[PDB]
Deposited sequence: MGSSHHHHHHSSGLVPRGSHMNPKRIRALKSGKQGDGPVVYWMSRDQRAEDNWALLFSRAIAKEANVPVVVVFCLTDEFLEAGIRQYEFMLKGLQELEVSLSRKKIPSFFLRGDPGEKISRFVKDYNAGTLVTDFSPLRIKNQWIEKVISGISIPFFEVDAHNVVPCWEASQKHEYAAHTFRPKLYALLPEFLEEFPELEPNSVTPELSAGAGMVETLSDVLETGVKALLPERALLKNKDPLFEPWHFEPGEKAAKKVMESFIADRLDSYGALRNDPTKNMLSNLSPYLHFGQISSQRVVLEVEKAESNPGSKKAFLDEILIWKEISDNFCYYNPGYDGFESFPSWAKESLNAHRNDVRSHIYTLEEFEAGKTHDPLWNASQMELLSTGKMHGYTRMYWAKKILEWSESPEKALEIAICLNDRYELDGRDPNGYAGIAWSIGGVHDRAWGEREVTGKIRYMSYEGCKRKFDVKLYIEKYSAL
């Protein structure tokens, strides 16, 4: 157990009650450093461990596609945690008022949570700190190397964050120890009813077509830790060999499709890296996949951790802010509203077909994600309007939405974060441009459009 994975946010006097694991980002029982760190401290104090999840009031800011995927995975998690004699408590409302009330009611001895560099998680941490007198720690269970240990600084490029992450891999890339069950079973509603009431509250804002039928197809990704592992096994066995040569072709499903399980924390990235590193495949394809799940995934947490305004124009590089400001008054070719972007009613069939894959599957291809966001900057009134539209459409319809990957990805597409300056164009400036003809020379754009009518 590396002590560099755990951070102390506030000290205090330890109580003689159950160690509380405030689960948030990592919703799994296996390969969870935060849950394992809570069981170790609970064992050292001769007291069982408990897990608490808060169903926040911000669930209506998303959709049914993310509400059902999360709660259905939590239902499987409760059975898995109960088999280890670890009881789970699902509170509903403000985590600042619920976690404070749970710790005081149940006489908690130590509170533990998982690490998330997002602003909304820091908002909960600030409120819970104000009304708790017991120790409270946080553990990085999402990244292989802790976010505060990989770099003490915002890395402006992947060429600089790669040697720092790979030099610390022999230390943090290790096997997980078995989660020991509680010694004895210790001493606020069922998730089936919370799923029924929540869906009934999200029904009027459901994504529908003109025929009143639903648009989302929930048979593409089955939720749960069991299904998350089966997806990783299928990728290593069938798709990992052809990954390095077909990750940029949206007409072929050659990606790992592990992003919805990785966002909600249903599967550990360290577990995926461990199975891939010991797998024998194309070295060019293994290097490309490890570059995506290690470098670009953890540099997204690095961007959100060392940039408070990671979702704003101020976090852009100085060369991009100066380039975008010099082309602010440039006459845009087209100006579409948020409703026209949402329904995919633009003149570009490639962008519209990309938006249709986002609305129907909740997981648009990785290559088209760059074309989908860069066109928003080209057809918006201002770079700040492009950030708002793309963030809203990402977090609302992407199953992996509301994730540091999405915020670092959108910062690269429009703001050029972790990128370089390209040829100076109008409107877009020195931001890397992706043309429609450039996509046709890379893949069958006609098949990708015909698939998502």
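Student: Where does the structure fail to cover the deposited sequence at the C-alpha level?
Tutor: Residues lacking C-alpha coordinates: 1 to 20, 208 to 214, 481 to 482.
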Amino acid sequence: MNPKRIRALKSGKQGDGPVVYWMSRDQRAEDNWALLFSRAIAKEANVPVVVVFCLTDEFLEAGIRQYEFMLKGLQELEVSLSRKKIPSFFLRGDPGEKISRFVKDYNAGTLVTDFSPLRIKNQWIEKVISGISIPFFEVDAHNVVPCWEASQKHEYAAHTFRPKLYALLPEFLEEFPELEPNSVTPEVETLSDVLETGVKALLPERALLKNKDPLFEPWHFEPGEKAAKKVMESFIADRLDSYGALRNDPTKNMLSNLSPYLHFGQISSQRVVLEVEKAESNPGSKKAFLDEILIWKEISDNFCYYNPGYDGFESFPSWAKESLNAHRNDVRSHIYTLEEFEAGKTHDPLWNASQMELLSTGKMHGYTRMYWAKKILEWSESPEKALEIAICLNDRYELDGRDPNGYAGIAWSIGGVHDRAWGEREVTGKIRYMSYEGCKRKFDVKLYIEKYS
From here on, numbers count along this sequence of modelled residues.
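Rigid core (definition): largest C-alpha set, two forms, superposition within 1.5 Å.
Student: Superpose by the rigid core and compare 51 to 59 with 35 to 43; which one moves more, by C-alpha RMS, in 6 other deposited structures of this protein?
Tutor: It is 51 to 59 that deviates more in 6 other deposited structures of this protein.
Student: Is the larger C-alpha RMS shift in 6 other deposited structures of this protein, relative to this form with the rigid core superposed, found in 198 to 206 or in 286 to 294?
Tutor: Larger mean C-alpha displacement, comparing 198 to 206 and 286 to 294 in 6 other deposited structures of this protein, is found in 198 to 206.
Student: Please determine whether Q152 lacks coordinates in at least a third of the other PDB entries of this protein that model its flanking residues.
Tutor: Per the records, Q152 is modelled in all the other entries.
Student: For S380, do at least a third of the other compared PDB entries give no atomic coordinates?
Tutor: No.
Student: On mean Cα temperature factor in this entry, is 402 to 410 or 37 to 45 the higher one?
Tutor: Stretch with the greater average CA B-factor: 37 to 45.
Student: With respect to the recorded C-alpha B factors, which stretch has the higher mean value, 145 to 153 or 203 to 211?
Tutor: Result of the comparison: 203 to 211.
Student: For the listed residues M370, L262, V331, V273, which one has the largest C-alpha B-factor as given in the deposited model?
Tutor: Comparing C-alpha B-factors across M370, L262, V331, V273, the top value belongs to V331.
Student: Just the C-alpha B-factor column, please: which of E357, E180, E292, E171 has the biggest number?
Tutor: That would be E180.
Student: Which third, lowest, middle or highest, does the CA B-factor of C304 fall in along this chain?
Tutor: Tercile = lowest for this residue's CA B-factor.
Student: For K297, does the deposited CA B-factor place it in the lowest, middle or highest third of the chain?
Tutor: Its C-alpha B-factor, which the entry lists for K297, ranks in the lowest third among residues of this chain.
Student: Thinking about Cα B factors across the chain, which third does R28 belong to?
Tutor: Middle third of the chain for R28's C-alpha B-factor.
Student: Taking only the Cα B-factors deposited for this chain, tell me whether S133 sits in the lowest, middle or highest third.
Tutor: It belongs to the highest third of the chain when residues are ordered by C-alpha B-factor.
Student: Using the B-factor values recorded in the entry, state whether the Cα atom of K385 falls in the lowest, middle or highest third among the modelled residues of its chain.
Tutor: Its C-alpha B-factor belongs to the lowest third of this chain's values.
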